[PDB]
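Undergrad: Residue numbers (the entry's author numbering), protein chains in the order written: chain B, 16 to 45, 49 to 133; chain A, 16 to 135; chain D, 16 to 45, 49 to 133; chain C, 16 to 45, 49 to 133. Here a beta-carbon is modelled for each residue, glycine too, at the ideal position from N, C-alpha and C.
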Amino acid sequence: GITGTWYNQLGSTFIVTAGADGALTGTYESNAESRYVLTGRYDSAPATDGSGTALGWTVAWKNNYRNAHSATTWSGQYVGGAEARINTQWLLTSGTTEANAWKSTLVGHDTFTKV
Amino acid sequence: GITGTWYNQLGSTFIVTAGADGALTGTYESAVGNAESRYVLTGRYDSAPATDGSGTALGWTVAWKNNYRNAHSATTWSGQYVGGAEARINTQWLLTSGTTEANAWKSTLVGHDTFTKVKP
Amino acid sequence: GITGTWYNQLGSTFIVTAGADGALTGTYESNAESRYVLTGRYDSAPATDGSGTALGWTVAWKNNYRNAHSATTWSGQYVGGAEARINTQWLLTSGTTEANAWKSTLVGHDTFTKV
Amino acid sequence: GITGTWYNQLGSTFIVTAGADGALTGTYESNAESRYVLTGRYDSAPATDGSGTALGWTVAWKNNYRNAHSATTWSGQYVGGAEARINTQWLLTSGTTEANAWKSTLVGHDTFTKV
């Protein structure tokens, strides 16, 4: 259910492959200058009680064309069915001086669908 | 650099290699939770940081499944590496477990971890 | 506009009053047994550029009938519009021993409406 | 144990009174130009088994002198003993337009002591 293309409400698109040994690999896009590498892990043997599938991934916003000196991690779960969804919470950290560290990390949430 | 052996305040061990391409790969060995032995990790970092004395942004994930156990959960650390006399990595983390829908409101824990190359 | 009766996605109900110099007061519910006191603050003089109104509140989960030994804080903003709404992120801390402190705090998000 | 003056490691002070009813009230000193009102709640009947006492508070960053159009909430626990402390996680939310609501909320942590 996870392998494929997922869309968020803000435009963003991501293409993942879920490997047989819990690897997640792919790209995150919004054109070439907006494409970034992703890598992650997921539970390759979830429960059967109807629970969701735990997963996580990271993006560092540096590519061949620009560098924001920042990285985002998403933590969440995959819910299959007709309205398959991935529900997440995320953290985005910027590199800062020690003086500015207190304001280095944003938090939020995202929901991704297959359509 | 980031490449090396790291320890957190709880005696957890993080062995990591930083690739020239911004890739992070390694093994995590925990001190707390449903955990035994090493788990695989993967992440990304900024391979061309600011020169201004800023930190190096980075992040990684562990899914808590190995050949010994499975806790149906994953943790993501997001933070920065600061070099210097005392090198450390400062992170915030999120831990999400699989849950039914009725219980998803309590599926995520939040916390912070500090890693150093010296074991406490 | 902030004064009134609000509802979240899960069926919970919160009645508040916004005071003249930024005080928030009221009760949260989900039967008297499930009724709890809330207190907080808001920006009593927001910007005029279209920005929302920042606020926060706290509830400790103890009343005359029940005590979970825990507390939640909500941090967010009020937005006036077609549907006035308050979007929040929240933190819930449980009293734990020091060995269990690493797992004492949950994070989530909630959206309230007058409907 | 909670009533009193508390310090963090970045030059911030707060003075709090803990009421019999579970009320927290006081002032947060980030010069009167820098003093802001605080309000919160705490568990007025904790466990005696070594657990900390759950609590939370809010400061909206407006006083009679300045206004940052934002609010911080602290969620954590009080731990007594010779080295008493209050361990917290916080969220700071700023007023933003809808277009910038993804970047409205910062997350962090802080530890307060009696000295």
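Just checking, does the region 42-61 of chain A make contact with the region 69-81 of chain A on the three C-beta pairs under 8 Å criterion?
TA: Because the criterion of three Cβ pairs below 8 Å is met, the region 42-61 of chain A and the region 69-81 of chain A touch.
Undergrad: According to DSSP, simplified to helix, strand and coil, what is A50 of chain D?
TA: By 1-based counting over the third sequence, the position of residue 50 of chain D is 32. It is helical.
Undergrad: Can at least three beta-carbon pairs, one atom from the region 32-46 of chain A and one from the region 121-128 of chain B, be found at a separation below 8 Å?
TA: Cβ pair count under 8 Å is below three, so no.
Undergrad: On the DSSP letters alone, give me the boundaries of the beta strand (DSSP E) that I30 of chain B sits inside.
TA: Translated into positions along the first sequence, residue 30 of chain B becomes position 15. Note, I30 of chain B: beta strand (DSSP E), 28-33.
Undergrad: Checking the sheet assignment: what are the DSSP bridge partners for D128 of chain B?
TA: Position 110 of the first sequence, counting from 1, holds the residue named residue 128 of chain B. Paired residues: B:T106.
Undergrad: When Cβ atoms are compared, which residues of the region 119-132 of chain D fall closer than 9 Å to chain B?
TA: Those residues of the region 119-132 of chain D that come within reach of chain B (Cβ to Cβ, closer than 9 Å) are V125, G126, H127.
Undergrad: Under 8 Å Cβ-Cβ, which residues of chain A neighbour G37 of chain B?
TA: Counting from 1 along the first sequence, the entry for residue 37 of chain B is found at position 22. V55, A78, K80, listed in chain order.
Undergrad: Compare the C-alpha of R53 of chain C against each of C:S112, C:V77, C:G37 and name the closest.
TA: Taking the fourth sequence and counting its residues from 1, the one referred to as residue 53 of chain C is at position 35. Ranking the options by Cα distance to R53 of chain C, first place goes to C:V77.
Undergrad: With a 10 Å radius around its C-beta and 16 neighbouring C-beta atoms as the bar for buried, classify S112 of chain A as buried or exposed.
TA: Taking the second sequence and counting its residues from 1, the one referred to as residue 112 of chain A is at position 97. So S112 of chain A ends up on the buried side.
Undergrad: Could you compute how far the alpha carbon of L110 of chain D sits from the alpha carbon of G94 of chain C?
TA: As a working note, residue 110 of chain D is residue 92 in the third sequence. As a working note, residue 94 of chain C is residue 76 in the fourth sequence. One C-alpha to the other measures close to 8 Å.
Undergrad: Please report the residue range of the beta strand (DSSP E) in which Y96 of chain C lies.
TA: One-based indexing of the fourth sequence puts residue 96 of chain C at position 78. First-last of the beta strand (DSSP E) with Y96 of chain C: 85-97.
Undergrad: Using the Cβ count rule (16 or more neighbours within 10 Å means buried), how would you classify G37 of chain B?
TA: The residue labelled residue 37 of chain B in the question sits at position 22 within the first sequence. Buried, by the Cβ-count rule.
Undergrad: Give me the Cα-Cα distance between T115 of chain A and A102 of chain B, rounded to the nearest whole angstrom.
TA: On the second sequence, residue 115 of chain A is found 100 positions in, with the first residue counted as 1. On the first sequence, residue 102 of chain B is found 84 positions in, with the first residue counted as 1. Each residue's Cα considered, the two are about 14 Å apart.
Undergrad: Could you check the C-alpha separation between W92 of chain A and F29 of chain A for me, to the nearest Å?
TA: On the second sequence, position 77 is the one that residue 92 of chain A refers to. On the second sequence, position 14 is the one that residue 29 of chain A refers to. Computed Cα separation, rounded: 12 Å.
Undergrad: Is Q107 of chain B close to chain D? Criterion is C-beta to C-beta, closer than 8 Å.
TA: Position 89 of the first sequence, counted from the start, is the residue given in the question as residue 107 of chain B. Yes - at least one Cβ of chain D is within 8 Å of the one on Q107 of chain B.
Undergrad: Label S88 of chain A either buried or exposed according to how many other C-beta atoms from any shown protein chain fall within 10 Å of its C-beta, with 16 as the threshold for buried.
TA: Position 73 of the second sequence, counted from the start, is the residue given in the question as residue 88 of chain A. Buried, since its Cβ has 16 or more Cβ neighbours within 10 Å.
Undergrad: In whole angstroms, what separates the C-alpha of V133 of chain C from that of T20 of chain C?
TA: For the purposes of this step, residue 133 of chain C is taken as the residue at position 115 of the fourth sequence. For the purposes of this step, residue 20 of chain C is taken as the residue at position 5 of the fourth sequence. Straight-line Cα distance between these residues: approximately 9 Å.
Undergrad: CA-CA distance, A33 of chain A and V97 of chain B?
TA: Counted from its first residue, the second sequence places residue 33 of chain A at position 18. Counted from its first residue, the first sequence places residue 97 of chain B at position 79. Straight-line Cα distance between these residues: approximately 33 Å.
Undergrad: Suppose you measure from the CA of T129 of chain B to the CA of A35 of chain C; what does that come to, to the nearest Å?
TA: Counting from one through the first sequence, the residue named residue 129 of chain B turns up at place 111. Counting from one through the fourth sequence, the residue named residue 35 of chain C turns up at place 20. Roughly 43 Å between the two C-alpha positions.
Undergrad: Could you give the distance in angstroms between the alpha-carbon of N105 of chain D and the alpha-carbon of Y22 of chain D?
TA: For this step, residue 105 of chain D is matched to residue 87 along the third sequence. For this step, residue 22 of chain D is matched to residue 7 along the third sequence. Going from the Cα of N105 of chain D to the Cα of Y22 of chain D covers about 12 Å.
Undergrad: Let me know the secondary structure DSSP gives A78 of chain A once reduced to three states.
TA: For the purposes of this step, residue 78 of chain A is taken as residue 63 along the second sequence, with counting starting at 1. In the structure shown, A78 of chain A sits in a strand (DSSP, three-state: E or B).
Undergrad: Less than 8 Å between the CB atoms is what I'm expecting for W75 of chain D and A86 of chain D, so what's the real figure, rounded?
TA: Counted from its first residue, the third sequence places residue 75 of chain D at position 57. Counted from its first residue, the third sequence places residue 86 of chain D at position 68. About 17 Å; that fails the 8 Å criterion.
Undergrad: Should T90 of chain C be labelled buried (16 or more other beta-carbon atoms within 10 Å of its own) or exposed?
TA: Position 72 of the fourth sequence holds residue 90 of chain C. The residue is buried, with at least 16 neighbouring Cβ atoms inside 10 Å.
Undergrad: Is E101 of chain C helix, strand or coil when you go by DSSP?
TA: Counted from its first residue, the fourth sequence places residue 101 of chain C at position 83. Of the three classes helix, strand and coil, the one that applies to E101 of chain C here is coil, per DSSP.
Undergrad: So the beta strand (DSSP E) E44 of chain D belongs to, where does it begin and stop?
TA: Numbered from its first residue, the third sequence carries residue 44 of chain D at position 29. Taken as a continuous stretch (DSSP letters only), the beta strand (DSSP E) holding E44 of chain D covers 38-44.
Undergrad: Identify the residues that DSSP records as bridge partners of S112 of chain D: which are they?
TA: Taking the first residue of the third sequence as position 1, residue 112 of chain D is located at position 94. Beta-bridge pairing links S112 of chain D to D:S88.
Undergrad: Within 10 angstroms of its Cβ, does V47 of chain A collect 16 or more other Cβ (buried), or is it exposed?
TA: As a working note, residue 47 of chain A is residue 32 in the second sequence. Exposed, because fewer than 16 other Cβ atoms sit within 10 Å of the Cβ of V47 of chain A.
Undergrad: If you measure from the beta carbon of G70 of chain C to each beta carbon in chain D, is any gap under 8 Å?
TA: Residue 70 of chain C sits at position 52 when you count from the first residue of the fourth sequence. Yes, because at least one Cβ of chain D sits closer than 8 Å to the Cβ of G70 of chain C.
Undergrad: Going by other Cβ atoms of all chains shown within 10 Å of its Cβ, with 16 needed for buried, is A100 of chain A buried or exposed?
TA: Position 85 of the second sequence, counted from the first residue, corresponds to residue 100 of chain A. Flag for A100 of chain A reads exposed.
Undergrad: Note down the Cα distance separating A119 of chain D from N49 of chain D, rounded to an integer number of angstroms.
TA: For the purposes of this step, residue 119 of chain D is identified with residue 101 of the third sequence, where counting begins at 1. For the purposes of this step, residue 49 of chain D is identified with residue 31 of the third sequence, where counting begins at 1. Roughly 33 Å between the two C-alpha positions.
Undergrad: Using the three-state DSSP reduction, which class does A72 of chain B fall into: helix, strand or coil?
TA: By one-based count along the first sequence, residue 72 of chain B stands at place 54. The answer is strand: DSSP assigns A72 of chain B an E or B state.
Undergrad: When you compare each of A:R84, A:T131, A:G16, A:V31 to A65 of chain B by their alpha carbons, which one comes out closest?
TA: Against the first sequence, residue 65 of chain B aligns to sequence position 47. Cα-wise, what sits closest to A65 of chain B is A:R84.
Undergrad: Is it right to say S45 of chain B is buried, meaning 16 or more other beta carbons lie within 10 angstroms of its own, or is it exposed?
TA: What you label residue 45 of chain B is simply residue 30 of the first sequence in a count that begins at 1. It is exposed - the Cβ of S45 of chain B has fewer than 16 other Cβ atoms within 10 Å.
Undergrad: List the endpoints of the continuous beta strand (DSSP E) containing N23 of chain D.
TA: Translated into the one-based positions of the third sequence, residue 23 of chain D becomes position 8. Where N23 of chain D is concerned, the enclosing beta strand (DSSP E) stretches over 19-23.
Undergrad: By DSSP's criteria, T123 of chain D is part of a beta bridge. Which residues make up the other side?
TA: On the third sequence, residue 123 of chain D is found 105 positions in, with the first residue counted as 1. Answer is D:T111.
Undergrad: What separation, rounded to the nearest whole angstrom, lies between the Cα atoms of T18 of chain C and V31 of chain C?
TA: Position 3 of the fourth sequence, counted from the start, is the residue given in the question as residue 18 of chain C. Position 16 of the fourth sequence, counted from the start, is the residue given in the question as residue 31 of chain C. In a straight line, the C-alpha of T18 of chain C is about 5 Å away from that of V31 of chain C.
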